[PDB]
$ cat query_25.pdb   # PDB, C-alpha atoms (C1' of nucleotides)
ATOM      1  CA  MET F   9     -32.862 -47.586 -44.555
ATOM      2  CA  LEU F  10     -33.034 -50.148 -47.341
ATOM      3  CA  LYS F  11     -31.010 -53.322 -46.963
ATOM      4  CA  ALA F  12     -27.598 -53.124 -48.611
ATOM      5  CA  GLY F  13     -28.406 -54.574 -51.972
ATOM      6  CA  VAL F  14     -25.357 -55.349 -54.042
ATOM      7  CA  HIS F  15     -21.875 -55.219 -52.561
ATOM      8  CA  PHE F  16     -21.462 -58.201 -50.028
ATOM      9  CA  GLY F  17     -17.797 -57.285 -49.232
ATOM     10  CA  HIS F  18     -14.444 -57.507 -51.073
ATOM     11  CA  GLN F  19     -10.607 -57.388 -50.741
ATOM     12  CA  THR F  20      -9.004 -60.785 -50.712
ATOM     13  CA  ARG F  21      -5.606 -59.007 -50.381
ATOM     14  CA  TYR F  22      -4.021 -57.077 -47.573
ATOM     15  CA  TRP F  23      -6.917 -57.862 -45.231
ATOM     16  CA  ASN F  24      -6.544 -56.426 -41.743
ATOM     17  CA  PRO F  25      -6.994 -58.500 -38.551
ATOM     18  CA  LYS F  26      -8.700 -55.598 -36.802
ATOM     19  CA  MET F  27     -11.577 -56.204 -39.266
ATOM     20  CA  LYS F  28     -12.029 -59.677 -37.829
ATOM     21  CA  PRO F  29     -15.279 -58.818 -35.938
ATOM     22  CA  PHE F  30     -16.922 -57.727 -39.194
ATOM     23  CA  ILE F  31     -16.113 -60.592 -41.507
ATOM     24  CA  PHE F  32     -18.330 -63.462 -42.554
ATOM     25  CA  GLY F  33     -15.554 -64.466 -45.037
ATOM     26  CA  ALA F  34     -16.029 -67.493 -47.200
ATOM     27  CA  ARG F  35     -16.071 -67.319 -50.959
ATOM     28  CA  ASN F  36     -13.195 -67.789 -53.432
ATOM     29  CA  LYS F  37     -10.390 -66.339 -51.344
ATOM     30  CA  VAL F  38     -12.223 -62.992 -50.944
ATOM     31  CA  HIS F  39     -13.724 -61.738 -47.624
ATOM     32  CA  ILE F  40     -17.439 -61.095 -47.152
ATOM     33  CA  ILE F  41     -18.422 -58.425 -44.650
ATOM     34  CA  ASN F  42     -21.167 -59.480 -42.266
ATOM     35  CA  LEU F  43     -23.852 -57.059 -43.444
ATOM     36  CA  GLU F  44     -26.026 -58.154 -40.520
ATOM     37  CA  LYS F  45     -23.369 -56.292 -38.530
ATOM     38  CA  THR F  46     -23.225 -53.408 -41.042
ATOM     39  CA  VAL F  47     -26.903 -52.483 -40.833
ATOM     40  CA  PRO F  48     -26.885 -51.570 -37.102
ATOM     41  CA  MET F  49     -23.496 -49.823 -37.549
ATOM     42  CA  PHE F  50     -24.772 -47.791 -40.551
ATOM     43  CA  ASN F  51     -28.042 -46.932 -38.814
ATOM     44  CA  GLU F  52     -26.030 -45.628 -35.857
ATOM     45  CA  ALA F  53     -23.935 -43.502 -38.203
ATOM     46  CA  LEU F  54     -27.130 -42.077 -39.683
ATOM     47  CA  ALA F  55     -28.394 -41.463 -36.133
ATOM     48  CA  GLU F  56     -25.464 -39.390 -34.759
ATOM     49  CA  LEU F  57     -24.761 -37.907 -38.161
ATOM     50  CA  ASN F  58     -28.352 -36.674 -38.461
ATOM     51  CA  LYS F  59     -28.003 -35.474 -34.860
ATOM     52  CA  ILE F  60     -25.086 -33.169 -35.753
ATOM     53  CA  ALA F  61     -26.686 -32.325 -39.117
ATOM     54  CA  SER F  62     -29.754 -30.967 -37.277
ATOM     55  CA  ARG F  63     -27.530 -28.781 -35.004
ATOM     56  CA  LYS F  64     -26.575 -26.822 -38.184
ATOM     57  CA  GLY F  65     -23.132 -28.355 -38.672
ATOM     58  CA  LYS F  66     -20.755 -28.896 -41.583
ATOM     59  CA  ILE F  67     -20.082 -32.401 -42.780
ATOM     60  CA  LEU F  68     -17.200 -32.553 -45.362
ATOM     61  CA  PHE F  69     -17.567 -35.619 -47.555
ATOM     62  CA  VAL F  70     -14.212 -37.115 -48.678
ATOM     63  CA  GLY F  71     -14.028 -38.859 -52.033
ATOM     64  CA  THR F  72     -10.568 -38.919 -53.537
ATOM     65  CA  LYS F  73     -10.610 -42.326 -55.283
ATOM     66  CA  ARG F  74     -12.623 -42.995 -58.475
ATOM     67  CA  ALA F  75     -15.428 -43.259 -58.933
ATOM     68  CA  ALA F  76     -16.249 -41.569 -55.672
ATOM     69  CA  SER F  77     -16.171 -38.487 -57.923
ATOM     70  CA  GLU F  78     -18.458 -36.928 -58.874
ATOM     71  CA  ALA F  79     -20.610 -39.026 -56.517
ATOM     72  CA  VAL F  80     -19.299 -37.083 -53.507
ATOM     73  CA  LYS F  81     -19.840 -33.825 -55.425
ATOM     74  CA  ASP F  82     -23.327 -34.998 -56.320
ATOM     75  CA  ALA F  83     -24.120 -36.152 -52.769
ATOM     76  CA  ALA F  84     -22.518 -33.250 -50.902
ATOM     77  CA  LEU F  85     -23.851 -30.763 -53.402
ATOM     78  CA  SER F  86     -27.349 -32.318 -53.258
ATOM     79  CA  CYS F  87     -27.196 -31.123 -49.653
ATOM     80  CA  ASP F  88     -25.928 -27.628 -48.810
ATOM     81  CA  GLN F  89     -22.657 -29.236 -47.723
ATOM     82  CA  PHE F  90     -18.965 -29.632 -48.585
ATOM     83  CA  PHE F  91     -16.627 -32.136 -50.172
ATOM     84  CA  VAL F  92     -13.196 -33.179 -51.233
ATOM     85  CA  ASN F  93     -13.135 -35.223 -54.413
ATOM     86  CA  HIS F  94      -9.615 -34.767 -55.863
ATOM     87  CA  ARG F  95      -6.350 -35.129 -53.903
ATOM     88  CA  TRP F  96      -6.956 -34.266 -50.310
ATOM     89  CA  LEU F  97      -4.154 -31.755 -49.454
ATOM     90  CA  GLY F  98      -2.030 -32.882 -46.489
ATOM     91  CA  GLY F  99      -3.217 -30.503 -43.767
ATOM     92  CA  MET F 100      -6.392 -28.779 -44.860
ATOM     93  CA  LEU F 101      -7.763 -29.302 -41.355
ATOM     94  CA  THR F 102      -4.778 -29.114 -39.081
ATOM     95  CA  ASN F 103      -3.327 -26.097 -40.822
ATOM     96  CA  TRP F 104      -6.503 -24.695 -42.179
ATOM     97  CA  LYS F 105      -4.899 -21.314 -41.574
ATOM     98  CA  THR F 106      -2.690 -21.516 -44.643
ATOM     99  CA  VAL F 107      -5.442 -23.297 -46.566
ATOM    100  CA  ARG F 108      -7.682 -20.336 -45.605
ATOM    101  CA  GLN F 109      -5.490 -18.015 -47.649
ATOM    102  CA  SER F 110      -5.415 -20.452 -50.572
ATOM    103  CA  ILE F 111      -9.271 -20.492 -50.511
ATOM    104  CA  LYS F 112      -9.114 -16.706 -50.321
ATOM    105  CA  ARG F 113      -7.006 -16.706 -53.491
ATOM    106  CA  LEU F 114      -9.562 -18.990 -55.185
ATOM    107  CA  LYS F 115     -12.390 -16.549 -54.330
ATOM    108  CA  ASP F 116     -10.383 -13.491 -55.434
ATOM    109  CA  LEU F 117      -9.381 -15.182 -58.697
ATOM    110  CA  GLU F 118     -12.890 -16.342 -59.620
ATOM    111  CA  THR F 119     -14.265 -12.866 -58.818
ATOM    112  CA  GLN F 120     -11.419 -11.525 -60.937
ATOM    113  CA  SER F 121     -12.173 -14.239 -63.527
ATOM    114  CA  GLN F 122     -15.815 -14.189 -64.584
ATOM    115  CA  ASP F 123     -16.512 -10.519 -63.787
ATOM    116  CA  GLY F 124     -13.435  -8.306 -63.473
ATOM    117  CA  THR F 125     -10.189  -7.908 -65.396
ATOM    118  CA  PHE F 126      -9.523 -11.280 -67.082
ATOM    119  CA  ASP F 127      -8.714 -10.118 -70.643
ATOM    120  CA  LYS F 128      -6.610  -7.295 -69.214
ATOM    121  CA  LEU F 129      -2.988  -6.760 -70.242
ATOM    122  CA  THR F 130      -1.916 -10.296 -71.266
ATOM    123  CA  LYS F 131      -3.110 -13.467 -73.004
ATOM    124  CA  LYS F 132      -0.399 -15.802 -71.708
ATOM    125  CA  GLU F 133      -0.587 -14.724 -68.051
ATOM    126  CA  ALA F 134      -4.387 -14.798 -68.375
ATOM    127  CA  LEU F 135      -4.138 -18.439 -69.500
ATOM    128  CA  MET F 136      -1.731 -19.045 -66.573
ATOM    129  CA  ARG F 137      -4.224 -17.533 -64.151
ATOM    130  CA  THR F 138      -7.182 -19.496 -65.549
ATOM    131  CA  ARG F 139      -5.333 -22.786 -65.110
ATOM    132  CA  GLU F 140      -4.534 -21.644 -61.581
ATOM    133  CA  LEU F 141      -8.327 -21.575 -61.226
ATOM    134  CA  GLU F 142      -8.499 -25.136 -62.554
ATOM    135  CA  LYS F 143      -5.857 -26.297 -60.043
ATOM    136  CA  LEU F 144      -7.241 -24.361 -57.066
ATOM    137  CA  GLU F 145     -10.777 -25.240 -58.165
ATOM    138  CA  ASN F 146     -10.354 -28.981 -58.316
ATOM    139  CA  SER F 147      -8.189 -29.178 -55.165
ATOM    140  CA  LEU F 148     -10.124 -26.650 -52.995
ATOM    141  CA  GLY F 149     -13.465 -27.295 -54.611
ATOM    142  CA  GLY F 150     -16.113 -28.051 -52.058
ATOM    143  CA  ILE F 151     -14.404 -26.633 -49.071
ATOM    144  CA  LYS F 152     -14.182 -23.096 -50.602
ATOM    145  CA  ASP F 153     -17.438 -21.926 -49.049
ATOM    146  CA  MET F 154     -17.020 -23.596 -45.676
ATOM    147  CA  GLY F 155     -15.414 -20.776 -43.720
ATOM    148  CA  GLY F 156     -14.787 -22.923 -40.619
ATOM    149  CA  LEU F 157     -13.325 -26.297 -39.910
ATOM    150  CA  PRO F 158     -16.226 -28.747 -40.009
ATOM    151  CA  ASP F 159     -18.243 -30.399 -37.263
ATOM    152  CA  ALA F 160     -17.999 -33.900 -38.749
ATOM    153  CA  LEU F 161     -16.124 -35.805 -41.419
ATOM    154  CA  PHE F 162     -17.429 -38.507 -43.708
ATOM    155  CA  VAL F 163     -14.720 -40.465 -45.531
ATOM    156  CA  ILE F 164     -15.432 -43.050 -48.168
ATOM    157  CA  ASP F 165     -12.293 -45.202 -47.707
ATOM    158  CA  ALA F 166     -10.364 -45.490 -44.495
ATOM    159  CA  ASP F 167      -6.985 -46.706 -45.769
ATOM    160  CA  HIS F 168      -6.951 -44.611 -48.954
ATOM    161  CA  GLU F 169      -7.850 -41.516 -46.931
ATOM    162  CA  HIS F 170      -5.904 -42.199 -43.792
ATOM    163  CA  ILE F 171      -4.482 -38.694 -43.794
ATOM    164  CA  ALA F 172      -7.854 -37.024 -43.303
ATOM    165  CA  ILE F 173      -8.827 -39.484 -40.598
ATOM    166  CA  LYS F 174      -5.516 -38.879 -38.865
ATOM    167  CA  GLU F 175      -6.161 -35.112 -38.863
ATOM    168  CA  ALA F 176      -9.740 -35.255 -37.803
ATOM    169  CA  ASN F 177      -8.613 -37.473 -34.931
ATOM    170  CA  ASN F 178      -5.877 -34.921 -34.246
ATOM    171  CA  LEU F 179      -8.518 -32.141 -33.993
ATOM    172  CA  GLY F 180     -11.445 -33.934 -32.304
ATOM    173  CA  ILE F 181     -13.749 -34.252 -35.301
ATOM    174  CA  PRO F 182     -16.103 -37.282 -35.521
ATOM    175  CA  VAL F 183     -14.917 -39.537 -38.357
ATOM    176  CA  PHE F 184     -17.576 -41.567 -40.227
ATOM    177  CA  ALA F 185     -15.865 -44.138 -42.442
ATOM    178  CA  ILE F 186     -16.922 -46.904 -44.672
ATOM    179  CA  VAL F 187     -14.109 -49.316 -44.004
ATOM    180  CA  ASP F 188     -13.327 -52.330 -46.112
ATOM    181  CA  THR F 189     -11.619 -55.531 -45.002
ATOM    182  CA  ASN F 190      -8.178 -54.038 -45.764
ATOM    183  CA  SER F 191      -8.771 -50.845 -43.784
ATOM    184  CA  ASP F 192      -8.196 -50.123 -40.153
ATOM    185  CA  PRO F 193     -10.625 -48.598 -37.669
ATOM    186  CA  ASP F 194      -7.982 -46.045 -36.544
ATOM    187  CA  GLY F 195      -9.908 -43.338 -34.766
ATOM    188  CA  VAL F 196     -13.007 -43.731 -36.867
ATOM    189  CA  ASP F 197     -15.692 -42.931 -34.299
ATOM    190  CA  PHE F 198     -18.465 -44.461 -36.383
ATOM    191  CA  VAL F 199     -17.126 -47.346 -38.387
ATOM    192  CA  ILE F 200     -19.266 -48.910 -41.128
ATOM    193  CA  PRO F 201     -18.144 -52.234 -42.530
ATOM    194  CA  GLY F 202     -18.830 -51.916 -46.187
ATOM    195  CA  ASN F 203     -17.389 -51.788 -49.660
ATOM    196  CA  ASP F 204     -15.218 -48.822 -50.564
ATOM    197  CA  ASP F 205     -14.650 -49.285 -54.326
ATOM    198  CA  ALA F 206     -18.004 -50.335 -55.815
ATOM    199  CA  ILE F 207     -19.870 -47.455 -57.454
ATOM    200  CA  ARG F 208     -23.271 -49.079 -56.802
ATOM    201  CA  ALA F 209     -22.309 -49.427 -53.153
ATOM    202  CA  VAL F 210     -21.030 -45.871 -52.747
ATOM    203  CA  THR F 211     -23.953 -44.310 -54.602
ATOM    204  CA  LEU F 212     -26.432 -46.265 -52.461
ATOM    205  CA  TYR F 213     -24.274 -45.440 -49.500
ATOM    206  CA  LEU F 214     -23.857 -41.692 -50.084
ATOM    207  CA  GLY F 215     -27.478 -41.629 -51.199
ATOM    208  CA  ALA F 216     -28.498 -42.665 -47.686
ATOM    209  CA  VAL F 217     -26.080 -40.281 -46.018
ATOM    210  CA  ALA F 218     -27.044 -37.284 -48.166
ATOM    211  CA  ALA F 219     -30.672 -38.294 -47.542
ATOM    212  CA  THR F 220     -30.271 -38.045 -43.776
ATOM    213  CA  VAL F 221     -28.149 -34.862 -43.825
ATOM    214  CA  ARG F 222     -30.911 -32.826 -45.467
ATOM    215  CA  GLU F 223     -33.759 -34.828 -44.004
ATOM    216  CA  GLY F 224     -36.368 -32.277 -43.063
ATOM    217  CA  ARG F 225     -39.032 -32.325 -40.383
ATOM    218  CA  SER F 226     -40.962 -29.694 -42.336
TER     219      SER F 226
ATOM    220  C1'   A I   1      40.914  -5.295 -31.529
ATOM    221  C1'   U I   2      37.743  -2.303 -35.778
ATOM    222  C1'   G I   3      34.686   0.415 -39.548
ATOM    223  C1'   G I   4      34.620   1.338 -44.679
ATOM    224  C1'   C I   5      36.266  -0.510 -49.225
ATOM    225  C1'   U I   6      38.224  -5.017 -52.043
ATOM    226  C1'   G I   7      39.824 -10.143 -53.848
ATOM    227  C1'   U I   8      38.181 -15.188 -54.007
ATOM    228  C1'   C I   9      35.327 -19.901 -54.285
ATOM    229  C1'   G I  10      31.697 -17.869 -58.380
ATOM    230  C1'   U I  11      27.398 -15.035 -61.954
ATOM    231  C1'   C I  12      28.633 -21.148 -59.080
ATOM    232  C1'   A I  13      22.944 -22.131 -58.359
ATOM    233  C1'   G I  14      22.434 -22.138 -54.427
ATOM    234  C1'   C I  15      21.387 -20.269 -48.829
ATOM    235  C1'   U I  16      17.534 -19.991 -45.480
ATOM    236  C1'   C I  17      13.064 -18.786 -42.451
ATOM    237  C1'   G I  18       7.760 -18.854 -40.337
ATOM    238  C1'   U I  19       3.762 -22.140 -39.250
ATOM    239  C1'   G I  20       2.829 -27.457 -39.294
ATOM    240  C1'   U I  21       4.451 -32.496 -38.741
ATOM    241  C1'   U I  22       8.270 -36.583 -37.545
ATOM    242  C1'   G I  23      12.342 -37.925 -33.964
ATOM    243  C1'   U I  24      13.950 -38.522 -26.630
ATOM    244  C1'   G I  25      17.478 -35.564 -29.210
ATOM    245  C1'   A I  26      21.360 -33.405 -32.470
ATOM    246  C1'   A I  27      18.093 -32.539 -36.333
ATOM    247  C1'   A I  28      14.543 -33.969 -40.572
ATOM    248  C1'   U I  29      10.635 -32.304 -43.888
ATOM    249  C1'   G I  30       9.761 -28.367 -47.066
ATOM    250  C1'   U I  31      14.675 -27.943 -50.522
ATOM    251  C1'   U I  32      13.647 -35.112 -51.804
ATOM    252  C1'   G I  33      11.126 -38.071 -56.181
ATOM    253  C1'   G I  34       9.385 -38.385 -62.433
ATOM    254  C1'   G I  35      10.429 -35.182 -66.357
ATOM    255  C1'   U I  36      12.620 -30.469 -67.880
ATOM    256  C1'   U I  37      15.839 -26.061 -67.655
ATOM    257  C1'   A I  38      21.030 -21.633 -68.602
ATOM    258  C1'   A I  39      18.823 -21.634 -63.582
ATOM    259  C1'   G I  40      15.655 -25.116 -56.102
ATOM    260  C1'   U I  41      13.818 -22.771 -64.074
ATOM    261  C1'   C I  42       8.867 -24.689 -64.779
ATOM    262  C1'   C I  43       5.144 -28.621 -64.528
ATOM    263  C1'   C I  44       3.566 -33.037 -61.969
ATOM    264  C1'   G I  45       3.750 -35.699 -57.341
ATOM    265  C1'   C I  46       4.333 -35.616 -52.294
ATOM    266  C1'   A I  47       3.414 -34.079 -44.390
ATOM    267  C1'   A I  48       3.793 -30.364 -45.941
ATOM    268  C1'   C I  49       1.704 -25.234 -46.577
ATOM    269  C1'   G I  50       4.001 -20.775 -47.611
ATOM    270  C1'   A I  51       7.774 -16.870 -47.596
ATOM    271  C1'   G I  52      12.649 -14.287 -48.108
ATOM    272  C1'   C I  53      17.698 -13.654 -50.315
ATOM    273  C1'   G I  54      19.673 -15.578 -55.022
ATOM    274  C1'   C I  55      18.000 -17.282 -60.814
ATOM    275  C1'   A I  56      14.785 -14.714 -64.550
ATOM    276  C1'   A I  57      12.734  -9.697 -65.689
ATOM    277  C1'   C I  58      13.049  -4.271 -64.854
ATOM    278  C1'   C I  59      18.795  -0.981 -66.442
ATOM    279  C1'   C I  60      22.818   0.434 -70.343
ATOM    280  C1'   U I  61      24.439  -0.825 -75.165
ATOM    281  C1'   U I  62      24.160  -3.247 -79.775
ATOM    282  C1'   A I  63      20.987  -5.355 -84.350
ATOM    283  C1'   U I  64      15.527  -3.331 -87.784
ATOM    284  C1'   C I  65      11.550   0.077 -88.681
ATOM    285  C1'   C I  66       8.381   4.536 -87.698
ATOM    286  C1'   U I  67       7.513   9.822 -85.721
ATOM    287  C1'   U I  68       9.727  14.650 -84.479
ATOM    288  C1'   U I  69      13.611  18.557 -85.128
ATOM    289  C1'   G I  70      17.276  19.478 -89.075
ATOM    290  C1'   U I  71      22.475  23.173 -87.330
ATOM    291  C1'   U I  72      28.058  23.075 -87.542
ATOM    292  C1'   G I  73      25.607  17.398 -89.810
ATOM    293  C1'   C I  74      23.361  15.214 -95.153
ATOM    294  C1'   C I  75      22.927  16.061-100.539
ATOM    295  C1'   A I  76      18.134  12.406-103.795
ATOM    296  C1'   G I  77      15.686  15.836-107.089
ATOM    297  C1'   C I  78      16.558  20.880-108.762
ATOM    298  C1'   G I  79      19.743  25.977-111.016
ATOM    299  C1'   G I  80      24.332  27.758-112.384
ATOM    300  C1'   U I  81      28.944  26.634-110.555
TER     301        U I  81
END
$ encode --input "query_25.pdb" --output "structure tokens"
Amino acid sequence: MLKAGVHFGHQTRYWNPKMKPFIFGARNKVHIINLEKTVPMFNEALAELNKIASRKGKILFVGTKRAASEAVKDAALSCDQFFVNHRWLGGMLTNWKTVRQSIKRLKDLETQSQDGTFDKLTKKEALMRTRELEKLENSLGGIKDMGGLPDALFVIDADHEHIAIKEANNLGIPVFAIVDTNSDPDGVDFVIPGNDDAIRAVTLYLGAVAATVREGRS
RNA sequence: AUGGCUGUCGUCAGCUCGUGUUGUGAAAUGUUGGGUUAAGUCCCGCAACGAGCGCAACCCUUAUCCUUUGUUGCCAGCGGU
């Protein structure tokens, strides 16, 4: 709701002509996003995104670059929602089938880990198995309790996370992206011209989104 | 014309498949890349995710120690011989 405070746009380099409607674009070789265009765009994204959030849907924040972590873990986990913060595996939506059995192995190995037989029979293989929980835990972290493929997708950079956008367009999932002036509005259904790599901007930004996901009529 | 059995490349480290994706297609990817290994060995990365046959291990023997039993095998300590 609050006016974007401190980002005003970025990316002098590799700017994309399809971002030409969103650029004010003056200072010191770098491009300034027209935030007077961003505010209606971002309010629309909060509108439809709250609309699917009230229908009891799953949202899947996507935060692979740094420092979108742990800001996407903090914002998704502040809601009762899901996230990807480390490397987004190629095909966790379009073959979720195989990713379902990898999530199943993460559940079986944490149940085996903190409760069952973890000290049993070996030290070396037990260390092997625990670092399998680090690898499967940081890759399949947020999505491990989803149990479906989600009803929306909220990516924090459109060019850095083009794979996830490409799959959610492949599957008919609404993509909500904060694009920058280098990115491309591929199949992003609700584009938001913003700043992808400022931590102030993405914490303000995810703060608003996580605010409207759990917003409660009460 | 065959079965069964065998040699050989070669005990060389390779050969594939399902699902997915890319290509009009033959096909490609996976299996390539940075390291490493005896080894597609293992890690990391990655439009791939996994799986099979192979590699490794399980088998026999050899190298050390313990327990048991001690004949026909052995003789340290005992006695005479």
$ resolve_selection --input "query_25.pdb" --expression "the PyMOL selection byres ((chain F) within 7 of (chain I))" --output "list in words"
residues 98, 103 and 106 of chain F
$ resolve_selection --input "query_25.pdb" --expression "the PyMOL selection byres ((chain F and resi 118-122) around 10)" --output "PyMOL selection string"
chain F and resi 113-117+123-127+134+137-138+141+145
$ resolve_selection --input "query_25.pdb" --expression "the PyMOL selection byres ((chain I and resi 53-57) around 7)" --output "VMD selection string"
chain I and resid 39 52 58
$ atom_distance --input "query_25.pdb" --atom1 "atom CA of residue 71 of chain F" --atom2 "atom CA of residue 165 of chain F"
7.9 Å
$ closest_residue --input "query_25.pdb" --among "F:79, F:9, F:38, F:196" --to "residue 170 of chain F" --atoms "only C-alpha atoms"
F:196
$ residues_around --input "query_25.pdb" --residues "residue 101 of chain F" --least-positions-apart "6" --cutoff "10 Å" --atoms "all atoms listed in the file" --output "list in words"
residues 107, 108, 156, 157, 158, 172, 175, 176, 178, 179 and 181 of chain F
$ residues_around --input "query_25.pdb" --residues "residue 23 of chain F" --least-positions-apart "6" --cutoff "8 Å" --atoms "all atoms listed in the file" --output "list in words"
residues 189, 190 and 191 of chain F
$ atom_distance --input "query_25.pdb" --atom1 "atom CA of residue 148 of chain F" --atom2 "atom CA of residue 95 of chain F"
9.3 Å
$ axis_aligned_box --input "query_25.pdb" --around "segment 13-16 of chain I" --padding-each-side "6 Å" --output "JSON"
{"center_x": 20.2, "center_y": -21.1, "center_z": -51.9, "size_x": 17.4, "size_y": 14.1, "size_z": 24.9}
$ residues_near_point --input "query_25.pdb" --point "(-24.3, -31.4, -39.4)" --cutoff "12 Å" --atoms "only C-alpha atoms (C1' of nucleotides)" --output "MDAnalysis selection string"
chainID F and resid 54:69 84 87:90 158:162 181:182 217:218 220:223
$ atom_distance --input "query_25.pdb" --atom1 "atom CA of residue 36 of chain F" --atom2 "atom CA of residue 20 of chain F"
8.6 Å
$ residues_around --input "query_25.pdb" --residues "residue 53 of chain F" --least-positions-apart "5" --cutoff "9 Å" --atoms "all atoms listed in the file" --output "list in words"
residues 48, 58, 184, 198, 199, 200 and 217 of chain F
$ residues_near_point --input "query_25.pdb" --point "(-15.7, -48.3, -57.9)" --cutoff "10 Å" --atoms "only C-alpha atoms (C1' of nucleotides)" --output "ChimeraX atom specification"
/F:73-77,203-211
$ build_atoms --input "query_25.pdb" --residues "segment 97-110 of chain F" --atoms "N, CA, C and O atoms" --output "short mmCIF file (atom, residue, chain, number, x, y, z; two decimals), in the frame of the given file"
data_model
loop_
_atom_site.label_atom_id
_atom_site.label_comp_id
_atom_site.auth_asym_id
_atom_site.auth_seq_id
_atom_site.Cartn_x
_atom_site.Cartn_y
_atom_site.Cartn_z
N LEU F 97 -5.45 -32.41 -49.86
CA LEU F 97 -4.15 -31.76 -49.45
C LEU F 97 -3.78 -32.15 -48.06
O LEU F 97 -4.65 -32.06 -47.19
N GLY F 98 -2.54 -32.60 -47.85
CA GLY F 98 -2.03 -32.88 -46.49
C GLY F 98 -2.07 -31.64 -45.60
O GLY F 98 -1.25 -30.71 -45.70
N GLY F 99 -3.08 -31.59 -44.74
CA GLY F 99 -3.22 -30.50 -43.77
C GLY F 99 -4.20 -29.46 -44.22
O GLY F 99 -3.85 -28.31 -44.28
N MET F 100 -5.39 -29.82 -44.64
CA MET F 100 -6.39 -28.78 -44.86
C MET F 100 -7.30 -28.65 -43.65
O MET F 100 -8.20 -27.81 -43.67
N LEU F 101 -7.08 -29.47 -42.62
CA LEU F 101 -7.76 -29.30 -41.36
C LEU F 101 -6.83 -28.84 -40.26
O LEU F 101 -7.21 -27.96 -39.48
N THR F 102 -5.64 -29.38 -40.19
CA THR F 102 -4.78 -29.11 -39.08
C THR F 102 -3.91 -27.87 -39.28
O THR F 102 -3.54 -27.23 -38.29
N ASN F 103 -3.53 -27.55 -40.51
CA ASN F 103 -3.33 -26.10 -40.82
C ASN F 103 -4.33 -25.70 -41.81
O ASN F 103 -4.07 -25.70 -42.98
N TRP F 104 -5.50 -25.31 -41.32
CA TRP F 104 -6.50 -24.70 -42.18
C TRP F 104 -6.20 -23.25 -42.40
O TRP F 104 -6.72 -22.66 -43.38
N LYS F 105 -5.36 -22.69 -41.51
CA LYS F 105 -4.90 -21.31 -41.57
C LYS F 105 -4.32 -20.96 -42.98
O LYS F 105 -4.80 -20.04 -43.71
N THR F 106 -3.29 -21.71 -43.36
CA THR F 106 -2.69 -21.52 -44.64
C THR F 106 -3.64 -21.91 -45.84
O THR F 106 -3.75 -21.22 -46.92
N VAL F 107 -4.43 -22.93 -45.60
CA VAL F 107 -5.44 -23.30 -46.57
C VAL F 107 -6.57 -22.21 -46.63
O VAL F 107 -7.25 -22.05 -47.68
N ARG F 108 -6.77 -21.45 -45.53
CA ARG F 108 -7.68 -20.34 -45.60
C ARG F 108 -7.18 -19.33 -46.63
O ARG F 108 -8.00 -18.75 -47.39
N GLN F 109 -5.89 -18.99 -46.63
CA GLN F 109 -5.49 -18.02 -47.65
C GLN F 109 -5.41 -18.58 -49.07
O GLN F 109 -5.53 -17.81 -50.04
N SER F 110 -5.29 -19.87 -49.21
CA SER F 110 -5.42 -20.45 -50.57
C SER F 110 -6.87 -20.40 -51.08
O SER F 110 -7.12 -20.14 -52.25
#
